[PDB]
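data-v3.cif follows (mmCIF, C-alpha atoms; chains and numbers go by the auth columns):
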```
data_data
#
loop_
_atom_site.group_PDB
_atom_site.id
_atom_site.type_symbol
_atom_site.label_atom_id
_atom_site.label_comp_id
_atom_site.label_asym_id
_atom_site.label_seq_id
_atom_site.Cartn_x
_atom_site.Cartn_y
_atom_site.Cartn_z
_atom_site.B_iso_or_equiv
_atom_site.auth_seq_id
_atom_site.auth_asym_id
ATOM 1 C CA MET A 1 1.030 9.458 -13.156 0.00 1 F
ATOM 2 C CA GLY A 2 2.490 6.000 -13.649 0.00 2 F
ATOM 3 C CA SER A 3 1.732 2.355 -13.017 0.00 3 F
ATOM 4 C CA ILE A 4 3.676 -0.114 -10.890 0.00 4 F
ATOM 5 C CA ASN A 5 3.499 -3.885 -10.475 0.00 5 F
ATOM 6 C CA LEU A 6 2.725 -5.275 -7.025 0.00 6 F
ATOM 7 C CA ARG A 7 2.803 -9.040 -6.272 0.00 7 F
ATOM 8 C CA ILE A 8 1.243 -10.771 -3.244 0.00 8 F
ATOM 9 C CA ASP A 9 -0.369 -14.083 -2.383 0.00 9 F
ATOM 10 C CA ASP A 10 -3.774 -14.310 -4.027 0.00 10 F
ATOM 11 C CA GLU A 11 -5.483 -15.360 -0.789 0.00 11 F
ATOM 12 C CA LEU A 12 -4.381 -12.188 0.972 0.00 12 F
ATOM 13 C CA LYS A 13 -5.263 -9.987 -1.979 0.00 13 F
ATOM 14 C CA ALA A 14 -8.786 -11.415 -1.774 0.00 14 F
ATOM 15 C CA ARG A 15 -9.293 -10.285 1.833 0.00 15 F
ATOM 16 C CA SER A 16 -7.715 -6.856 1.327 0.00 16 F
ATOM 17 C CA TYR A 17 -9.633 -5.961 -1.840 0.00 17 F
ATOM 18 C CA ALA A 18 -12.834 -7.337 -0.306 0.00 18 F
ATOM 19 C CA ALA A 19 -12.411 -4.999 2.680 0.00 19 F
ATOM 20 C CA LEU A 20 -11.696 -1.824 0.685 0.00 20 F
ATOM 21 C CA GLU A 21 -14.421 -2.406 -1.932 0.00 21 F
ATOM 22 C CA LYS A 22 -17.022 -2.808 0.832 0.00 22 F
ATOM 23 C CA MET A 23 -15.946 0.524 2.341 0.00 23 F
ATOM 24 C CA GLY A 24 -16.349 1.927 -1.148 0.00 24 F
ATOM 25 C CA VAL A 25 -12.643 2.778 -1.410 0.00 25 F
ATOM 26 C CA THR A 26 -10.903 2.047 -4.710 0.00 26 F
ATOM 27 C CA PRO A 27 -7.852 -0.301 -4.352 0.00 27 F
ATOM 28 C CA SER A 28 -5.732 2.176 -6.306 0.00 28 F
ATOM 29 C CA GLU A 29 -6.679 4.766 -3.703 0.00 29 F
ATOM 30 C CA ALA A 30 -5.992 2.674 -0.574 0.00 30 F
ATOM 31 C CA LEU A 31 -2.499 1.989 -1.889 0.00 31 F
ATOM 32 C CA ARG A 32 -2.118 5.668 -2.840 0.00 32 F
ATOM 33 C CA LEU A 33 -2.759 6.845 0.732 0.00 33 F
ATOM 34 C CA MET A 34 -0.411 4.092 1.908 0.00 34 F
ATOM 35 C CA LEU A 35 2.333 5.587 -0.249 0.00 35 F
ATOM 36 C CA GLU A 36 1.625 8.857 1.542 0.00 36 F
ATOM 37 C CA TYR A 37 2.210 7.437 5.060 0.00 37 F
ATOM 38 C CA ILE A 38 5.378 5.527 4.114 0.00 38 F
ATOM 39 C CA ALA A 39 6.821 8.658 2.486 0.00 39 F
ATOM 40 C CA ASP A 40 5.956 10.853 5.473 0.00 40 F
ATOM 41 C CA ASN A 41 6.692 8.387 8.287 0.00 41 F
ATOM 42 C CA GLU A 42 9.699 6.558 6.753 0.00 42 F
ATOM 43 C CA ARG A 43 9.244 3.864 9.442 0.00 43 F
ATOM 44 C CA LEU A 44 6.235 1.598 8.660 0.00 44 F
ATOM 45 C CA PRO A 45 4.519 -0.643 11.278 0.00 45 F
ATOM 46 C CA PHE A 46 7.117 -3.266 10.346 0.00 46 F
ATOM 47 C CA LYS A 47 10.071 -2.118 8.205 0.00 47 F
ATOM 48 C CA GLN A 48 11.832 -5.464 7.931 0.00 48 F
ATOM 49 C CA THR A 49 14.990 -5.057 5.842 0.00 49 F
ATOM 50 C CA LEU A 50 13.484 -7.622 3.453 0.00 50 F
ATOM 51 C CA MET B 1 0.608 -15.325 -6.002 0.00 1 P
ATOM 52 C CA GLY B 2 -0.547 -12.743 -8.531 0.00 2 P
ATOM 53 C CA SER B 3 0.296 -9.282 -9.802 0.00 3 P
ATOM 54 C CA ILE B 4 -1.862 -6.165 -9.720 0.00 4 P
ATOM 55 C CA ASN B 5 -1.562 -2.739 -11.347 0.00 5 P
ATOM 56 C CA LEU B 6 -1.368 0.302 -9.101 0.00 6 P
ATOM 57 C CA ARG B 7 -1.378 3.873 -10.473 0.00 7 P
ATOM 58 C CA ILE B 8 -0.313 7.036 -8.604 0.00 8 P
ATOM 59 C CA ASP B 9 1.269 10.391 -9.354 0.00 9 P
ATOM 60 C CA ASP B 10 4.945 9.873 -10.196 0.00 10 P
ATOM 61 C CA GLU B 11 6.071 12.587 -7.763 0.00 11 P
ATOM 62 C CA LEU B 12 4.487 10.779 -4.808 0.00 12 P
ATOM 63 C CA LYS B 13 5.768 7.393 -5.914 0.00 13 P
ATOM 64 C CA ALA B 14 9.262 8.911 -5.843 0.00 14 P
ATOM 65 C CA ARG B 15 9.018 9.906 -2.158 0.00 15 P
ATOM 66 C CA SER B 16 7.367 6.645 -1.065 0.00 16 P
ATOM 67 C CA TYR B 17 9.801 4.297 -2.835 0.00 17 P
ATOM 68 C CA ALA B 18 12.738 6.445 -1.701 0.00 18 P
ATOM 69 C CA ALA B 19 11.626 6.038 1.932 0.00 19 P
ATOM 70 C CA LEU B 20 11.119 2.264 1.815 0.00 20 P
ATOM 71 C CA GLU B 21 14.315 1.494 -0.132 0.00 21 P
ATOM 72 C CA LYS B 22 16.358 3.453 2.448 0.00 22 P
ATOM 73 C CA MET B 23 14.843 1.388 5.249 0.00 23 P
ATOM 74 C CA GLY B 24 15.816 -1.651 3.195 0.00 24 P
ATOM 75 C CA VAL B 25 12.203 -2.718 2.727 0.00 25 P
ATOM 76 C CA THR B 26 11.142 -3.921 -0.722 0.00 26 P
ATOM 77 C CA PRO B 27 8.207 -1.913 -2.242 0.00 27 P
ATOM 78 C CA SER B 28 6.357 -5.158 -2.952 0.00 28 P
ATOM 79 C CA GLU B 29 6.664 -5.924 0.767 0.00 29 P
ATOM 80 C CA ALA B 30 5.512 -2.524 2.102 0.00 30 P
ATOM 81 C CA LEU B 31 2.376 -2.825 -0.025 0.00 31 P
ATOM 82 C CA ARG B 32 1.982 -6.462 1.092 0.00 32 P
ATOM 83 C CA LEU B 33 1.852 -5.515 4.796 0.00 33 P
ATOM 84 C CA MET B 34 -0.509 -2.708 3.870 0.00 34 P
ATOM 85 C CA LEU B 35 -2.880 -5.268 2.360 0.00 35 P
ATOM 86 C CA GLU B 36 -2.698 -7.034 5.700 0.00 36 P
ATOM 87 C CA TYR B 37 -3.851 -3.990 7.752 0.00 37 P
ATOM 88 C CA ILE B 38 -6.668 -3.038 5.348 0.00 38 P
ATOM 89 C CA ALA B 39 -7.965 -6.635 5.384 0.00 39 P
ATOM 90 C CA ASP B 40 -7.797 -6.855 9.193 0.00 40 P
ATOM 91 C CA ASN B 41 -8.913 -3.315 10.070 0.00 41 P
ATOM 92 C CA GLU B 42 -11.420 -2.755 7.247 0.00 42 P
ATOM 93 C CA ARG B 43 -11.330 1.023 7.881 0.00 43 P
ATOM 94 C CA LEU B 44 -8.078 2.661 6.604 0.00 44 P
ATOM 95 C CA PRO B 45 -6.350 5.549 8.486 0.00 45 P
ATOM 96 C CA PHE B 46 -7.701 8.145 6.081 0.00 46 P
ATOM 97 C CA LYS B 47 -9.905 7.143 3.138 0.00 47 P
ATOM 98 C CA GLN B 48 -9.871 10.671 1.681 0.00 48 P
ATOM 99 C CA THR B 49 -10.710 10.949 -2.014 0.00 49 P
ATOM 100 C CA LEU B 50 -9.149 14.427 -2.392 0.00 50 P
#
```

Turn this file's structure into structure tokens for me.
Amino acid sequence: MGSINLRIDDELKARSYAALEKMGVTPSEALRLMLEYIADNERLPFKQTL
Amino acid sequence: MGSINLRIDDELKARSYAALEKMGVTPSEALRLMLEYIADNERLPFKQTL
């Protein structure tokens, strides 16, 4: 396995991490299962060409 | 904004990044909007731990 660098606004990161850690889900894992749905769906909720 | 370290199996990362880059969406962005839905939903689609 490998590591990647992700960069977001700190305020948003706070809410996200707070939510997943309360559910007992590791951040690394929540992003992992995200990578699964993007790979399978290839559409996203919002796939802005950004 | 800040940077975080994410770690997944390289084979999965390949599929995910391939999907988002074809849609023209930056990886940093796809993960960003993910952080939005986890923070708002506080549930995750599937929180499986394998």

>> For the PyMOL selection byres ((chain F) within 6 of (chain P)), applied here, can you spell out every residue it catches as a PyMOL selection string?
In response: chain F and resi 1-10+15-16+19+28+35+38-39+42+47-50

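Across all paired C-alpha atoms, chain P deviates from chain F by 1.5 Å RMSD after optimal superposition.
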
Enclose all atoms of segment 14-20 of chain P listed in the file in an axis-aligned box, grow every side by 6 Å, and hand back centre and edge lengths in Å to one decimal, as AutoDock Vina command-line options.
```
--center_x 10.1 --center_y 6.1 --center_z -2.0 --size_x 17.4 --size_y 19.6 --size_z 19.8
```
